[PDB]
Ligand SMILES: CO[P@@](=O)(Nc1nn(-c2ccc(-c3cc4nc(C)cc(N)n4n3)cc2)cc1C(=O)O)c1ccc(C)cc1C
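Only one chain is included here, represented as structure tokens and corresponding to the form solved without the named molecule.
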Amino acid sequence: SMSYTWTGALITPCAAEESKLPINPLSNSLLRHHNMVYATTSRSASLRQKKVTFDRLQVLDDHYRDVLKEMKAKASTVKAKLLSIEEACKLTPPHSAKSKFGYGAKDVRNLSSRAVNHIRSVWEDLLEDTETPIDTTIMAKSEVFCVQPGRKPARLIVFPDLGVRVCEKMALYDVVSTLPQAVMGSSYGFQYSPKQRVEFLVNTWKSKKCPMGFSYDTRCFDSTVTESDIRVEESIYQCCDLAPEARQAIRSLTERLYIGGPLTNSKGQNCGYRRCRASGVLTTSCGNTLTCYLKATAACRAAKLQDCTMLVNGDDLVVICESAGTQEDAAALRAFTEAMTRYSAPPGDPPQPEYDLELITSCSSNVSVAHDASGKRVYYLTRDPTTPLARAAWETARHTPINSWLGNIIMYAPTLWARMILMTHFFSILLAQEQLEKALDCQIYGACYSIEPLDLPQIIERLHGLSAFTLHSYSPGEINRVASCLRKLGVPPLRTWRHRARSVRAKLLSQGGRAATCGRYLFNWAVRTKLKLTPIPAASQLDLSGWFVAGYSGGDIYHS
């Protein structure tokens, strides 16, 4: 079975597509080498099409079946609730793609009679019709990158209509929110906040007598997912206590949408047929996580890797285990990869065994070390800041509906680059435009949030602890990665950012209130005469439930 078949009709944009970074004074302050920054477009879709289109081999074995049964056992503890129309409508982003049937996300959120009646009929049809493939739209996603010699083609997104998406939520939101944790336990990555996640990686690393770790990068994971994989995934969902209508909906969604179906371009033309994972449905993150974990757990047994602890976030996979020795780890890792390959998860790049935790990257991120005010070692997550910086420059120049810079500040708050560059650059702008109190959209684990920049200090304390405001003596390797990133992108040197932050810090303090709290906490790094930083009372009061429960990337999820 081919992941995809194509009619020859093009993947088309539904509007004009910017690919170049404008020459704008505000963005130019952040990043001068504007021609290094680009956004993907429709024009590179045929290149992507070529990469995601292949035959799949899958041979299942007893290790695979053993693990599956174990997961199902855990799954059968779960009792999933059916979401009400109102509840599902509330989870729809304000700017989610309109329906082809004469209503949009706004109508969904407002529970208008048109949207709601169409949603009911979609739901009833799921219950009645078990076979008819549901239509999907295929689009080229616009994402911003820095050039590296040369360019990434656009990713392809495949999604059903708004009415169907609201119905997936009713049938499956509780399931995709609750079940991965029940099944994978501590290995489910999306349950951790940043501090918890770092805690778990470090503890796991320090628990082994001789640790070895690796990341495993499946070549085009969504395309490696077979119809059997998606039906096995359904077999796990079906172990939950379900309302009968949910049980039918899942069955019908599986056969009509999840396993595959027709692809239609922005212009309504038949583009082809998908027989693999759609990027843009509710079950993608859950399904990818389960499938990845299943295959990897069985492949570990096949490779005889000892005392494995997995961390899985969709298609992202980290394994930490007990070293058997350099040669034998290399052999065992190769056997793991052949097992994965047989299970239809071949590697992009061969995995490499690693004996230093900081050398392992999970979801762009690695563990690094710094010291807090008292000189105590603190572990934190960081990443190469090249893409975050390129995207922030873009978002400075162009109004984008989702702000990666804001998500990056939240998730990488303790980092040198987030603190000195991103906070300084954006607080300066917001402060000059008097927009500090204006809420902005970002994402956390794929789900969309509306966040007030003035609540960043409380947010950051909750997610990272107070040490996020006091870190210093960063590793030489972190410092260099950052420093040399700034040279490449024509981002001013850190000393410039210190100078700018002092000025911003002062303006923030002068304003008093929540603004001044941002000044004390966010920019204490910038002054020699430091304020003593105590817990923020409002931090404990934040309702961050739902933040670090599950992954929702591609799932059309909005949280208020």
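One-based numbering along the sequence shown. Here the rigid core means the biggest group of C-alpha atoms that line up within 1.5 Å when the two forms are laid on top of each other. Shifts are known only where both forms have a C-alpha.
This next part talks about the form solved in complex with the named molecule, which is not shown.
Within 2.4 Å of backbone or C-beta atoms of the shown chain, at least 3 atoms of the named molecule land once it is superimposed from its position in the bound PDB entry; the pocket counts as blocked. Within 4.5 Å of any heavy atom of the named molecule in the bound PDB entry lies no heavy atom of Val504. Among heavy atoms of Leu494, some come within 4.5 Å of the named molecule in the bound PDB entry. The named molecule in the bound PDB entry comes within 4.5 Å of no heavy atom belonging to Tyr521. At the 4.5 Å threshold, heavy atoms of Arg498 reach the named molecule in the bound PDB entry. Considering the named molecule in the bound PDB entry, the lone stretch of 476-484, 327-335, 263-271, 234-242 in range is 476-484 [heavy atom distance within 4.5 Å].
When the named molecule is considered in the bound PDB entry, only one residue from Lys50, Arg65, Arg43, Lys530 comes within 4.5 Å through any heavy atom, namely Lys530. The single contact residue among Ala249, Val78, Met420, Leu83, judged by any heavy atom lying within 4.5 Å of the named molecule in the bound PDB entry, is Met420. Once the rigid core is aligned, the segment that moves between this form and the one not shown, defined as three or more consecutive common residues whose C-alpha shifts all reach 2 Å, runs 23-26 and is the only one.
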